[PDB]
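Asker: Residue numbers (PDB author numbering), protein chains in the order written: chain A, 5 to 457; chain B, 5 to 457. Ideal Cβ positions, reconstructed from N, Cα and C, are used throughout, including at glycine.
As structure tokens, this is what we get:
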């Protein structure tokens, strides 16, 4: 990857010692938290920050975080996109506080549901919506409904996708081109040959061959892959994807949980896509677990004919999906504030300007140092990969990842006051990001890479 | 069932008209919400309230709800248990408001995690914990870990269980005693013979026969069934369940999402159960979607052996579970307030007094009217079933449910100011419930049943 791995290891060890010295109270907290949390924090992913323990946060506002050791950071991680529009957005926090004090969960709608339903249809261009407690659940539930409406059992996913804890998606290609369980993800009692057809992104011939079996209920995809580094769609890919799925009467599900970085209507709105289903989680409810999903009228009519509107006196049933706290008053209040006050054209304009600045800086560093790496931007979200050219598909991209180099870069920045999400080589801008914060990122990355070379 | 169904239909039709007359603004709202929500509200379950639409809530506090028509209710539904300790509990709402203003989701712990971890271990008597965004997810993720640690693929569940949108649980017995997909729940590409063994509750011989195949990773159960009416465990059943699962090296997962009504440490802490895993969602975070799960020391050691603590520089992986907003700062603040200030001995004592009063009142009415029905209480939660004696198992219980009678009783009460969850024949008390609220329930139920007889 253009670096001396011994120099990376040397720097990394020094930065691990620096991390211990700078964050003693977080380290003390980790010793205590390891006594009662299975993985030393409430979520096992939190163990995967670089450094010997996760930081404990004292407070955060906008793009600023302060830890319990008093260290201050500019935050480009933003809750791994859960806080994409910044921490503690005042309209959203105010809406959450107000609604909590007048009922958070009633198993009933409020007036905010009226506003949000109409907003979702206006913004995202599909008429009918539902709310879940996570993007994962939106994907699971849409796939169930697609199986119900179509009578077909298989879902197409793309190699090196991520759609959450959707077990049918947890597959990869092995060296022989066979679909096998994703590395490190147990098959969990699923035989994926019965549930899933796997294809590489940007391969219309392979997609045709998969759909032609006649057993595919849906294609589930990001419109631009973001969970193996960034994989842009090739020229003509979306048009082909849309055409093939129409021809084979296969649902096209577009998951914008990350690609909502592209604009206020997502990638789909910015590029004229025509999804059958649209999924969006992570960032829309101020840090309350939530997602929305939407569908076309044509899909809605097929769903209603296999799951009719409930009749008076009918036997109660969940029908295998929904959730007790899904679509609750608190979620809807937070969503209303987010869509009305936060996810605006002006907000995105600012985010794009700062993200473009960050992208240009990374690119200049990669060019100057002659690294065989590249950087990509989708709106507010910027990521680099350790290969010379943009990947054609997820399988290609996967080879351009490295745990040690990633940990070293991330920790060097962390110890000097910049947080990057540990799961990506990405930076995300929000309305509170300032030009100085981008300059600090840029300088620190350049310093780190220069020390390595 | 001891009622003439034509008389029930007649009363129900009258109450449907009454509902329309009393709630015109909610009906107007429904017409609009059906344009933008697939099932006319954010969550499709909300269509299953009786009456021609779900009520739109204006505000709620404690056990009091006011709708957008200005109608006032006493609430024994409490968000279908999501608001078990009342609406707008002041310490929990204050904690949510405060935390929203200082960072709600950071992909990092806060100091609240220190207190909450220690509290969960103290309260529930298992040492190690994790947080999810729902009870469903806690169940799914525990089952994945049990498959990983055991190398076995099957889960045992009980007929007419409910554990959330856990696909492997969605089975029932047909008329021949064969395991088939649960009515109204599509198999979703699963062949359940490969994932699931089904037994009736309170049947140790059948349980032994299922475990003896050597292919069961776990038994998943409520300790007292609450989702088909109430099915108490028989004398000696828990002792047998614990012993058989030990003998077969099978994990016992106890789901307390409802049975937390039994007391501050759940049914398990009242009755000396020895769960390998303990799951609790719905009510612990003030209406923020959340759940916890805990495991024994012995299970922790087996999990760490298959999924070791993350190492610096290791390649990132979710391993198939967790979620982006799981274990977040906002959830932890709400849980801390709940466990510290809300789920107290005094709260439970109040809840039990009012629930015992409600139970005794229902029973007096059933006995006076000579209905072939019975009522059961587990702590704060009271439910009747349309059969003379407590059911021995879920299959028996399922025959003593009836959509039309249930809708009629629920609507009669709703139109006269008492909310009951539409999915059960249950009433739940909270610290804000008042004696007069119980008296109103008692009188209205007696009036309804008297009109029918």
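#1: For the beta strand (DSSP E) containing residue 158 of chain B, name the first residue and the last one.
#2: For residue 66 of chain A, which beta-bridge partners are listed by DSSP?
#3: Take residue 19 of chain A as the anchor and find which of A:417, A:433, A:149 has the nearest alpha-carbon.
#4: DSSP three-state label for residue 176 of chain A, please.
#5: Drop a sphere of 10 angstroms on the beta-carbon of residue 302 of chain A, count the other beta-carbons inside from all chains shown, and report buried for 16 or more, exposed for fewer.
#6: Which residue marks the beginning of the beta strand (DSSP E) containing residue 378 of chain B, and which one marks its end?
#7: Can you give me the start and stop residues for the beta strand (DSSP E) that residue 185 of chain B sits inside?
#8: Is it buried or exposed for residue 286 of chain A, if we count other Cβ within 10 angstroms and need 16 for buried?
#9: Which same chain residues, not among the five before or five after residue 324 of chain A, have their C-beta less than 8 Å away from its C-beta?
#10: Which first and last residues belong to the beta strand (DSSP E) in which residue 266 of chain B is found?
#11: Kindly list, in the order they appear in chain A, the residues whose Cβ is closer than 7 Å to that of residue 265 of chain B.
#12: Show which residues of chain B have a CB atom less than 8 Å away from the CB atom of residue 327 of chain A.
#13: Return the chain-ordered list of same chain residues with a C-beta closer than 6 Å to the C-beta of residue 241 of chain A, the five sequence neighbours on each side being excluded.
#14: Give the straight-line distance between the Cα atoms of residue 101 of chain B and residue 90 of chain B, rounded to the nearest whole angstrom.
#15: Under 9 Å Cβ-Cβ, which residues of chain A neighbour residue 115 of chain B?
#16: Using CA coordinates, which residue listed in A:372, A:47, A:237, A:299 is at the minimum distance from residue 126 of chain A?
#17: With residue 429 of chain B and residue 388 of chain B assumed to form a contact (beta carbons below 8 Å), what rounded beta-carbon distance in angstroms separates them?
#18: Helix, strand or coil, according to DSSP, for residue 202 of chain B in the structure here?
#19: Measure the alpha-carbon distance for residue 278 of chain B versus residue 160 of chain B and round it to whole angstroms.
#20: Going by other Cβ atoms of all chains shown within 10 Å of its Cβ, with 16 needed for buried, is residue 335 of chain A buried or exposed?
#21: Given this structure, state the Cα-to-Cα distance separating residue 104 of chain B from residue 290 of chain A, to the nearest angstrom.
#22: Short check: CB of residue 390 of chain A to CB of residue 406 of chain A, under 8 Å?
#23: Check the C-beta distance from residue 235 of chain A over to residue 398 of chain A and give it rounded, since I have them as a contact under 8 Å.
#24: Spatial neighbours of residue 99 of chain B within its chain, please: C-beta separation below 8 Å, excluding the five flanking residues on both sides.
#25: Return the chain-ordered list of same chain residues with a C-beta closer than 7 Å to the C-beta of residue 121 of chain A, the five sequence neighbours on each side being excluded.
#26: Kindly list, in the order they appear in chain A, the residues whose Cβ is closer than 9 Å to that of residue 133 of chain B.
#27: Use the C-beta contact count for residue 259 of chain A: other C-beta atoms within 10 angstroms, 16 or more gives buried, fewer gives exposed.
#28: Could you list which residues in chain A have their beta carbon closer than 8 Å to that of residue 84 of chain B, in chain order?
#29: Measure the C-alpha to C-alpha separation of residue 111 of chain A and residue 40 of chain B and round it to an integer number of angstroms.
#30: What did DSSP end up calling residue 387 of chain B once you bin it into helix, strand or coil?
#31: Cα separation between residue 196 of chain B and residue 393 of chain B?
#32: Please classify residue 452 of chain A: does DSSP put it in a helix, a strand, or coil?
#33: What is the rounded straight-line gap between the Cα of residue 70 of chain A and the Cα of residue 109 of chain B?
#34: With 8 Å as the threshold, decide whether the Cβ of residue 288 of chain B is near any Cβ in chain E.
#35: Within the continuous alpha helix (DSSP H) that includes residue 128 of chain B, where are the two ends?
#36: Report the residue ranges of all alpha helix (DSSP H) runs contained in full by the segment 396-449 of chain B; include only those spanning at least 4 residues, in chain order.
Answerer: According to the data block:
#1: Boundaries of the beta strand (DSSP E) harbouring residue 158 of chain B: 158-162, taken from the DSSP string.
#2: A:91, per the DSSP bridge assignment.
#3: Selected option, being the one with the closest Cα: A:417.
#4: Reduced to three states, the DSSP call for residue 176 of chain A is strand.
#5: By the neighbour-count criterion, in which a residue is buried when 16 or more other Cβ atoms sit within 10 angstroms of its Cβ, residue 302 of chain A is exposed.
#6: Counted as a single uninterrupted DSSP element, the beta strand (DSSP E) harbouring residue 378 of chain B occupies residues 378-382.
#7: First-last of the beta strand (DSSP E) with residue 185 of chain B: 183-185.
#8: By the 10 Å Cβ count, residue 286 of chain A comes out buried.
#9: Closer than 8 Å at Cβ, skipping near neighbours: 148.
#10: In the DSSP annotation of this structure, residue 266 of chain B is not part of any beta strand (DSSP E), being labelled neither H nor E.
#11: Neighbours of residue 265 of chain B on chain A: none; closest Cβ ~15 Å, over 7 Å.
#12: For residue 327 of chain A, the residues of chain B that pass the 8 Å Cβ criterion are 47, 138, 140, 168, 169, 293, in the order they occur in the chain.
#13: Within the same chain, 206 come within 6 Å of residue 241 of chain A by CB-CB distance, once the 5 residues on both sides are set aside.
#14: So the alpha carbons of these two residues sit roughly 17 Å apart.
#15: By Cβ distance, chain A contributes 33, 60, 61, 62, 72.
#16: Here the closest residue by C-alpha is A:299.
#17: Their Cβ separation, rounded to whole angstroms, is 5 Å, which keeps residue 429 of chain B and residue 388 of chain B in contact under 8 Å.
#18: Here residue 202 of chain B sits in strand by DSSP.
#19: Rounded to whole angstroms, the separation of the alpha carbons of residue 160 of chain B and residue 278 of chain B is 18 Å.
#20: Result: buried.
#21: Their backbone Cα atoms lie some 8 Å apart in a straight line.
#22: For residue 390 of chain A and residue 406 of chain A, yes; Cβs fall inside 8 Å.
#23: The pair is a contact, with the Cβ atoms about 6 Å apart (cut-off 8 Å).
#24: So the qualifying residues of the chain are 290, 337, 338, 340, 341.
#25: Cβ within range, chain order: 133.
#26: Near residue 133 of chain B (Cβ distances below 9 Å), the residues of chain A are 40, 41, 42, 46.
#27: By the neighbour-count criterion, in which a residue is buried when 16 or more other Cβ atoms sit within 10 angstroms of its Cβ, residue 259 of chain A is buried.
#28: 111, 328, listed in chain order.
#29: Between residue 111 of chain A and residue 40 of chain B, the C-alpha separation is close to 18 Å.
#30: The answer is strand: DSSP assigns residue 387 of chain B an E or B state.
#31: Each residue's CA atom was taken as its position, placing residue 196 of chain B and residue 393 of chain B some 32 Å apart.
#32: It is helical.
#33: If I take the Cα positions, the gap works out to 14 Å.
#34: Any reference to chain E falls outside this structure, whose protein chains are A and B.
#35: Where residue 128 of chain B is concerned, the enclosing alpha helix (DSSP H) stretches over 116-128.
#36: Runs of alpha helix (DSSP H) with 4 or more residues, each lying fully within the segment 396-449 of chain B, are found at 398-402, 407-418, listed in chain order.
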